[PDB]
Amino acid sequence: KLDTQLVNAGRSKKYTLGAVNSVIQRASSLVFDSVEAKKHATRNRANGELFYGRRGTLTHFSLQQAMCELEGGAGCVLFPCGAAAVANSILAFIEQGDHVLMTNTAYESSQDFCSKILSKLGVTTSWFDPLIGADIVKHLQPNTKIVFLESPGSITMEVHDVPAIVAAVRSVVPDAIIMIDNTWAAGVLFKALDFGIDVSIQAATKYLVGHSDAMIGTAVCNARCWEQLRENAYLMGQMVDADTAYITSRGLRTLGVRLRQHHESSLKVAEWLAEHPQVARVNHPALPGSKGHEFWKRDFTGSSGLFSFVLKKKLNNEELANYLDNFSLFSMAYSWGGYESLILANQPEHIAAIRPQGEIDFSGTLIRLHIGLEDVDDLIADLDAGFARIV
């Protein structure tokens, strides 16, 4: 049962040492009592024995066990933030002459890592429509090494048909590493590894931390891919600090109570918006009619609270300020996943610049909301005062 799992994940006695939570073990240097102990630790340095702080301390091991239990993985590799998890996960499997195939709705810095960093290293990238399903075979090349998914999509929220994509890819390039950015689902609302994906990546910064303070990336790997991701990321010096690891473990405890509120509130806002005279479209995976809703309903076991909607109007600069500057409860900021509700605008032309080898199909201003833990009726009231400012 997810709730019981969340409360206990990673809390082995060897990590908590008489406490409820794991200990916080801050270290670089880790001490070997003897030559024989150093040899034991060296052989087990990637197997949960204390060796050197760059490999982890007890605090890290505890979070790694929790993430493996929650996402059904063989191992969990840690990073200083989600963008570092994305970039280094992809790097760990590529070589000069490879091709990367990425959804055109991937998080922008994931796109930019490929276009700006991988391109100089003899790796080419191309893109696909998130709703392509089994027709992704037209984009597969004999040198396709990575197939990178993000479901729902960044900003626009399109849900992939992961089963269809996975079957297609294994049929043509079975050696491909299939990755997903599974941040929206907090890794627990969509069990990526059970669907044939090799690596489930999170900006743990978001719903796993849950409070908008700490930054951390995770990559949960199947047994086929764990060693290579782990050792190559180690060679790039990737790790997260012990205290952040502790705080992430601690976020897990309330994840189920938080995600149920996020689902209930954001769906009710989405439903209210969908019926509002000033709204063109609502992009929420849980809302019937949204792009790939059917796949959300079949493949996920809940929703989080991030979604977007498109205004009937393309707001001009003065309207955009009147709208966004006068919110009482929604704050303007990047990221999401916390207790506080947030708001961000993107003009159609902003989104057009980040959908390579696609076409946008809306013309009004796109508003993305993260629905936090405030009373939902207060949030709806704030949104409705917003609409009066731009009617």
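Position 1 is the first residue in the sequence shown; the rest follow in order.
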- Given the B-factors recorded for C-alpha atoms, which segment has the greater mean, 270-278 or 217-225? 270-278
- Message: If you average the CA temperature factors as listed in the entry, which stretch comes out higher, 39-47 or 54-62?
- Response: 39-47
- Query: Looking at 95, 181, 112, 129, which has the highest CA B-factor as recorded?
  - Reply: 95
- Report the option among 238, 202, 316, 304 whose CA atom has the maximum B-factor in the deposited record. 316
- Note on the structure: residue 335: CA B-factor among chain residues, third -> middle
- Query: Is the Cα B-factor recorded for residue 20 in the lowest, middle or highest third of its chain?
  - Reply: lowest
- Please place residue 80 in the lowest, middle or highest third of its chain by C-alpha B factor as given in the entry. lowest
- State the tercile, meaning the lowest, middle or highest third, of residue 9 with respect to the CA B-factors recorded for its chain. middle
- Item | Relative C-alpha B-factor of residue 34, binned into the chain's lowest, middle or highest third | highest
